[PDB]
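First comes the structure, then the notes that go with it.
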Amino acid sequence: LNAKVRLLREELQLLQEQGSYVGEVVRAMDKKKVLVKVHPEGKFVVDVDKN
Amino acid sequence: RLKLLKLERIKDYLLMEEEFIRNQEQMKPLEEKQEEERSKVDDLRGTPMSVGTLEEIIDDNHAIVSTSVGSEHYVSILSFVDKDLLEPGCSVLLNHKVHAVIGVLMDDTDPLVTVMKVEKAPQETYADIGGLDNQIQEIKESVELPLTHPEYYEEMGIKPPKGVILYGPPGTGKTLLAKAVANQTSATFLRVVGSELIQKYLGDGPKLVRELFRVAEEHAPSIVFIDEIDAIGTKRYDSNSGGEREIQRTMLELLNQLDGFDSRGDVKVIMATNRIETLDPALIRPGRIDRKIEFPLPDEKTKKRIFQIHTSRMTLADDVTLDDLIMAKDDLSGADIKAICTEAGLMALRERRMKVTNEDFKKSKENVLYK
Ligand SMILES: Nc1ncnc2c1ncn2[C@@H]1O[C@H](COP(=O)(O)OP(=O)(O)O)[C@@H](O)[C@H]1O
Ligand SMILES: [Mg+2]
């Protein structure tokens, strides 16, 4: 229960942070960069993280 | 003397470059660190969220870049760019903040080439072309040896023939010879037909014609195979009905592309026509098209050769004799011979006997004959 409620308090606290965009991968290249489309706006390249 | 010049300087290249560069490599350092420094500096040059479309280029260091939202913005280019790849209409890369031109990437084109270029090396080769030695040698003179040996013409003075017409009845291996030329030549042959360029609306036909010619010039110094054109234009008529007027415009654009004001690359035109007397007298102008070639119906010996080459991949029977088919002294194109062979095979298959028979070939003859 304590974990649940701590989670709730933090959830309220830091939901002020903005979310994320959903992009359609179009092409990939060297780990440094990978292409992706960000609907509705045009197609770009992104610097992927360490996933 | 020219050989001496080239050999001397070539040895100079080998010695200079190889020796000095290998000395530096033996002292490899002072290169990799600088390369890594430069690569990371380029990465530092903003690579966030980024893309750009090149509307046009003003000059070195300055150009206009438009985004999907119409962000036309003019920007000073960053020299890090590859440069010289900045053809208008190219997909540029732009910094998220300053929209700095730092990269360009398309790696994708209209698949018109992949549509109009199918089976670049068909199964038919000059071995598969049974007969017509004179026509074969003339078309080779016209097309291949200009390309495979660009020395004789260069040393003697003239440039090779540009357009070559192949005229004859409906079916004499015109497309076959086109295919064989494609297969034997390393150039990117282009198949084209006369029933597609007739577009629904004004300007469409000439537009695709000009695009096809530009594609031919760009991607490869190759052949363009224009099939029947008599369904197009048929000379320049009084120009009364709108459709025929537009088609006449399409031929005039073809004529400009065949020999226009500006220039023409190393792309050869090969026309295939069933009837030639009705074609534009001006289009065949000797300056543009030369080496019109008769492609007549095969004679008896040519018919023998055609049957043999068609049936090479056909285990004929011991009793099957391929002379009753040469017997017929009537219209039998190479296509007719292929149809006869295929019909004999199919009828044998239907009547369930694995081996074809003389009677089967006979029946194929009667059922392939149209008139
Ligand atoms: N040397 C040859 N001359 C003419 N036709 C041939 C020859 N060798 C084979 N053929 C046959 O001719 C057919 C192709 O004729 P094609 O080029 O379509 O004539 P057209 O283009 O006038 O319709 C093929 O089916 C092929 O089997
Ligand atoms: Mg043909």
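Here chain B follows Swiss-Prot for its numbers: 59-429, in order, are the residues you see.
Note: Cβ is positioned from N, Cα and C throughout, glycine not excepted.
Residues or ranges marked as ATP binding site by Swiss-Prot on the basis of sequence analysis: B:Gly226, B:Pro227, B:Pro228, B:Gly229, B:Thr230, B:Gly231, B:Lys232, B:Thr233. Residues or ranges marked as compositional bias 'Basic and acidic residues' by Swiss-Prot: B:86-103. The ubiquitin cross-link feature in Swiss-Prot is assigned to B:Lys237. Swiss-Prot lists B:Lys258 with the feature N6-acetyllysine, giving a large-scale study or a structure entry as the kind of evidence. The feature region 'Disordered' is assigned by Swiss-Prot to B:84-104.
Each residue in the region 'Disordered' (B:84-104) gets a DSSP state, and the totals come to 14 helix, 0 strand, 7 coil. Checking the recorded positions B:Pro227, B:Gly229, B:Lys232, B:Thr233, B:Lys237, B:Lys258 against ligand 2, the ones whose Cβ sits under 6 Å from it are B:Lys232, B:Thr233. Among the recorded positions B:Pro227, B:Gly229, B:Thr230, B:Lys232, B:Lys237, residues whose Cβ is positioned under 6 Å from ligand 1 are identified as B:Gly229, B:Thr230, B:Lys232.
When the binding-site residues B:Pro227, B:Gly231 are scored by other C-beta atoms within 10 Å, B:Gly231 scores highest. Other than the site residues B:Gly226, B:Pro227, B:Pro228, B:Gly229, B:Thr230, B:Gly231, B:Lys232, B:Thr233, same-chain residues with C-beta atoms no more than 8 angstroms from the centre of those residues' C-beta atoms, the ATP site, are B:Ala330, B:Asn332, B:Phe353, B:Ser391, B:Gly392, B:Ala393. Fewest other C-beta atoms within 10 angstroms, among the binding-site residues B:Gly226, B:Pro228, B:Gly229, are seen around B:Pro228. B:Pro227 (ATP binding site) carries neither a helix nor a strand DSSP state and counts as coil.
Between the CA atoms of B:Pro227 (ATP binding site) and B:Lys237 (ubiquitin cross-link) there is a gap of 18 Å. Distance noted between the C-alpha atoms of the residue listed as 'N6-acetyllysine' and B:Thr230 (ATP binding site) is 31 Å. The binding-site residues in question are B:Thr230, B:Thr233, and the one with the fewest Cβ neighbours inside 10 Å is B:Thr233.
Cα of B:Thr230 (ATP binding site) to Cα of B:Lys237 (ubiquitin cross-link): a span of 13 Å. When the Cα atoms are compared, B:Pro228 (ATP binding site) and B:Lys237 (ubiquitin cross-link) turn out to be 17 Å apart.
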